[PDB]
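Residues 1 to 101 (the UniProt record's numbering) are what the first sequence spells out, left to right. Note sheet for the following structure.
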Amino acid sequence: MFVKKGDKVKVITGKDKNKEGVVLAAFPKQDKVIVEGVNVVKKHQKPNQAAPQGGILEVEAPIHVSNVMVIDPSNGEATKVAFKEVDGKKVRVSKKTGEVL
RNA sequence: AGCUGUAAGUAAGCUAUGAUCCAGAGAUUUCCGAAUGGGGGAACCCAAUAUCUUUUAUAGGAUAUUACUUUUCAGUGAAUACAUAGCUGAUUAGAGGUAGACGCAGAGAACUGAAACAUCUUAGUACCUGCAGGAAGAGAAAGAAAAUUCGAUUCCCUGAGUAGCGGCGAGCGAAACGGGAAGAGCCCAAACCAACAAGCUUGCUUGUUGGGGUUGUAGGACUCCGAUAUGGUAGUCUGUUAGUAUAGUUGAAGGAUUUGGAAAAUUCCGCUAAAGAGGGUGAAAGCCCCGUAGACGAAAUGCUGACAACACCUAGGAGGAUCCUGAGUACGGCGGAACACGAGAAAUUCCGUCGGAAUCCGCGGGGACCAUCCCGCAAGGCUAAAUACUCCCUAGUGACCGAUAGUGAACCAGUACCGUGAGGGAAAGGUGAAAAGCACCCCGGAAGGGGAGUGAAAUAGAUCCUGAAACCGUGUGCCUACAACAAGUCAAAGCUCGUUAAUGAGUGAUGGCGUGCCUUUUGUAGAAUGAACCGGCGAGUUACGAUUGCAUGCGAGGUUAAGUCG
RNA sequence: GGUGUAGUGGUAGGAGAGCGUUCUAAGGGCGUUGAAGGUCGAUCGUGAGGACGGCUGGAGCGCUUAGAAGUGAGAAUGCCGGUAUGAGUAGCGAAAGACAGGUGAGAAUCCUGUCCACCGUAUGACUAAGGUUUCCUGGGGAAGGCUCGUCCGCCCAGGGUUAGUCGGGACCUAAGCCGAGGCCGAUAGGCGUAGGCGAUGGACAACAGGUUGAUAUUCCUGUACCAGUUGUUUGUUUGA
RNA sequence: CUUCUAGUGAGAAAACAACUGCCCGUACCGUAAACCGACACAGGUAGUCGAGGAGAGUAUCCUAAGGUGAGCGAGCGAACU
RNA sequence: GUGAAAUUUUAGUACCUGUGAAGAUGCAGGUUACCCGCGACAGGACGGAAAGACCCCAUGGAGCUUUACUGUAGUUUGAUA
């Protein structure tokens, strides 16, 4: 999906613009992604098997995948991603000076 | 790099030793149904014969085989002796469905038009039945014509609403010449000659296989010599490659600022294009995501070319003694039909019935019939393309619809529902960017509500976008219990307000005048006709011809049709 | 442009010139600092009609010039939908109940009792069609029930039907039906022989009692019967 | 079912014991609120059983075994039907 | 307690004598009459329900008759195979 489940990522659009975080889960075929600490939401649960005291709880919500950008692990600036011919495990070979991501 | 459909919810698991997913080839495939071992009220019931299994044994389980017809071969076989009916067995093919389409045949209406109706029209249309094919049908002159000819069939333009047909009425309605798309030709019978069998006429009569031979400028046989080579195919599940359909790969270029919950919007300053087609993203993006222009790719299976093999087919010149060239056929009388042609002066082509030729010194046609001239050679077979149609699969397109529209059906629709049955047949789309879908408290059995919270917004709370009218309520400024009112209009005191600012707005005691709307009628308030009310839908259009007015281009001239490239 | 003079009721019907709706092209524009749509106003033009302002609303839409049309609604005893009036009106589908006590948020209507009343060749018991889960147990009360409801043939969750001998098949045939060959006939097909299907009839071996919340000639107890199978108890000529 | 022969055709009669015996239906309503009548509808629905007194009787009235009080009520006690 | 229907242009819906498509709640001139209901009766609303079944028309249908026209199945008689 051009973004994987273990991955550091920066946010382009939507109220968390400029935040970073490690990807938490990938949902292909709906093209969304959960990022750590990024789209916090407040629910209201009644007691059930998990947390028999259901308070007002807060977890992340999935954002759309094109609101996101990969970060080169070694250098730290967000990059568009391209594919090139290494010994034939084709990996995302970063733009912005041809390094492996 | 995630995954176990819709589909939430939980429980158990799988995957970097490559899941899930995608394309080619395989394997498995209960029962009904042509249904085919026998039966039957479809999805059930009951067997026979062999091999194998459970049991000490019977009962029980499994696997194969077993319809009918045809067409080939053996065995058995008889009223009736020889053998043919028959019977048993082995072999060969059919059988049913559909694409509510397109084709060729058999049989074959009516309402309707003729301002009635019989001939005629509707119309050889609708319906029913047979046979197909990927196309069918037609197709290689017993032809079209009229001097000077041309050469198989089909389709389009034109000829032309002409020549004709017709209770000569309503109406029906050609063809050839001329211009184009596509183009292609072939095989038998007969005479004769051999091999075999029967009649052994031991005459050569019957036949079976092979050869020869295919036409009108007449051709062949037959006798004479030449040659014994050369031109082609509408052929094969044979090889060699080339492409192609069915998965995929890669693919340029942006940040800050203002307003917002959120920018793709605004303002600055950049970059990219063989890519500014389109879709998505919290609002409107060439530069965020999927793509696009361009470049690349197939283990397997199927298609289409090309070139190779293999299979088939194809010769001249002369002679004119004799033989061959499709018989109950052509044709004629009688009765019907088909030809645009309704018996007509009726040629041509078919069907039923009866009669019935000739043989190259011949036979047919040129719209009754004859003579002369001209063009052909029936009574045997096959054949690509140019033309018709779309159940279905891929890729797209639209001065086509947008939930009473568009399919009957945007949603679990040929469904619910209705009918014994054949058959008839609907209604019903939209929270939000994201479920963040209201934890906790209070009234109440609950339903429902009020706070508090989510959220940019809840009067976006699931009967959830917007939220019109009929219709039902609550509150108020002004009027109303001596008054006969198609309900308004003109005149007007009092009270209450204060506008798109101008000769202001609401209500109104009291006074004059005044019999709705539509349709059809000589004529309507009509006791003539229609409407409960509100909302939606609901009626002179298009194709091809003919005529007139206006307008433009050419002008004694004007203009192209089918078709070809695009 | 001025000025004079003359004219300007109208059904059938002829002629002219315009208003508004949707879509296409080209040009110039607007929009989350809020488009279309909805609602209100005391505004403009000779008419169809055009603006501007408030409130609502949340994503698209005007203007100019030309083009194309499923282009305008008050009426068809029109079609579909929604809602009125008649009106809190007719009716609530033959019949005897009363009281005490239970349950419950709530009782004329549900439960338990007592007395009273109704049918009794049926309004009692069993069965073939037909229906198809309506049967039993535990919960429920939004709709169905002509009132009510704590109740139910309603709704949710679980559960119930046991055969050598009963009724049907592995037995028989009636009417009628089907029919290998056959005979007839534009097609399709019509009839019919051998042989079959087809009960409402023929044939054919088990009874009495007990037991569940729901089955009993089916389960259990006792005592039987029918058809087979295994074991231990003479010449297929035929007198076996 | 019972006889008689024709008939491929070792030798089966009957004692005890113990074994074998398949498929379909089977709940519940059924003179009814469960079937046919659009309805929890004063209609229709084959067959067997169907008691007592008085009576010829399955008539008639009252009852036995069994079943039932019928799915809108409380008042008033006019016209009229 | 529950809860319909046929109907309906809008209605603040009197009487007499006239007028008028010639029999008026609504038009003229008069006469009478405070506002809103309940139980009853049927004179009027040419009352509701059914685009007259009576009568005539459409160069409308359909069923029937016959010495109306034109045909035909069936029966019969001749020629010919």
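Built from N, CA and C at the ideal position, the CB exists for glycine as well.
Where does residue i fall in DSSP's three states?
i: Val-11; result: strand
i: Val-86; result: coil
Can you name the start and end residues of the beta strand (DSSP E) that residue i belongs to?
i: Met-69; result: 68-71
i: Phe-27; result: 20-27
i: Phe-83; result: 81-83
i: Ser-94; result: 92-94
i: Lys-42; result: 40-42
i: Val-59; result: 58-60
Taking the beta carbon of residue i as the centre, do at least 16 other beta carbons fall within 10 Å, making it buried, or is it exposed?
i: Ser-66; result: exposed
i: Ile-56; result: exposed
i: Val-9; result: buried
i: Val-59; result: exposed
I'd like to know whether the C-beta atoms of residue i and residue j end up nearer to each other than 9 Å.
i: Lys-90; j: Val-81; result: no
i: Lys-19; j: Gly-37; result: yes
In the DSSP output, what is residue i paired with across the bridge?
i: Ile-34; result: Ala-25
i: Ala-51; result: Looking at the DSSP assignment, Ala-51 forms no beta bridge with any residue, so it has no partner.
i: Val-100; result: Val-93
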